[PDB]
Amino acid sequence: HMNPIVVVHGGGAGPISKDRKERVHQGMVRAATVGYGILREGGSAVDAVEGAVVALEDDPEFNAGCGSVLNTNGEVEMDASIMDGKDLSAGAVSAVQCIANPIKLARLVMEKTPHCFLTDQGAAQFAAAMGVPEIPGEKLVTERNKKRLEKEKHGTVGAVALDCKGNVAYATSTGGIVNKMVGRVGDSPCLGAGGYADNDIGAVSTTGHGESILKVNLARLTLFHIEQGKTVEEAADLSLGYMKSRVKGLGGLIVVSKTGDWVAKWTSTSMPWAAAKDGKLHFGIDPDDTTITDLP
């Protein structure tokens, strides 16, 4: 049976301040750690990635759940999806409000409906039906996000895993881009763009410019090259380069093959990432500055 793996990412975007980096490092650590714990206790790939993403949702340092960037009217509107590599079963929500964990709502879409994707009003009704708390909107909104919205007027997080039965899955969640139009949905809830997971290939979650990732189908394009026998680093580079060269888009991705190989590559300035395997934890943000600590 397979040695499990989890890989996590935050936003594939521009440079990050030094104080942030420390808060960021700990966040990538907490979610990688949380996800791997699940796998080391016999849990599924879906459990793991759901677990890591929740961690980043609950962490105000990340553009997902509490800490989501603001729309053009200063409200949080969140998108997410999750996908089971075994039968390709999937769950998604877009433009959901007043909840803590869009990724869990996403998981409920998959497991407790015959659908794959709900939006806005219906998503909110379904939440209520599932006994998902409704939190005051102001709780998701941070003071620092306000300064982004007030200023801008005048990145997506996620996870992939390979589990101890050799199954794969991705989860992704975002608040989107600062000053987005109300009801702007990006790449996250859109299968093949914000992520893709198939047991016959591997799994991918993307991040960066939502519209660009959508236009080129970045997650599934990444896996196609793996289908043709490109290596994981070979495929991520080709796929990302094509978003750059065709639609002028930048961003990042992480991947795990069904054989255990993994990578994190980004054409954006930075992308916080972490990978746990063989009892060790890998972490970074900027190119060629990784650390590798022991995960007891």
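Note that residue numbering follows the sequence shown and begins at 1.
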Query raised in the report: Within the set of other compared PDB entries, does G155 lack a model in a third or more?
Result: yes
**Report entry** Continuity check for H154 and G155, given as deposited residues lacking coordinates between them
**Finding:** 10 or more
Report task. May I ask you to compare 90-98 and 135-143 by their mean CA B factor in the entry and name the higher one? Result -> 135-143
Query raised in the report: If you average the Cα B factors in the entry, which is higher, 164-172 or 145-153?
Result: 145-153
Query raised in the report: Lowest, middle or highest third: where is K215 by Cα B-factor in its chain?
Result: lowest
Query - Cα B factor band for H225 (lowest, middle or highest third within the chain) - result: middle
Query raised in the report: If you rank every modelled residue in this chain by C-alpha B factor, which third holds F62: lowest, middle or highest?
Result: middle
Query raised in the report: C-alpha B factor of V69, ranked within the chain: lowest, middle or highest third?
Result: highest
**Report entry** Among modelled residues of the same chain, the CA temperature factor third for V185
**Finding:** lowest
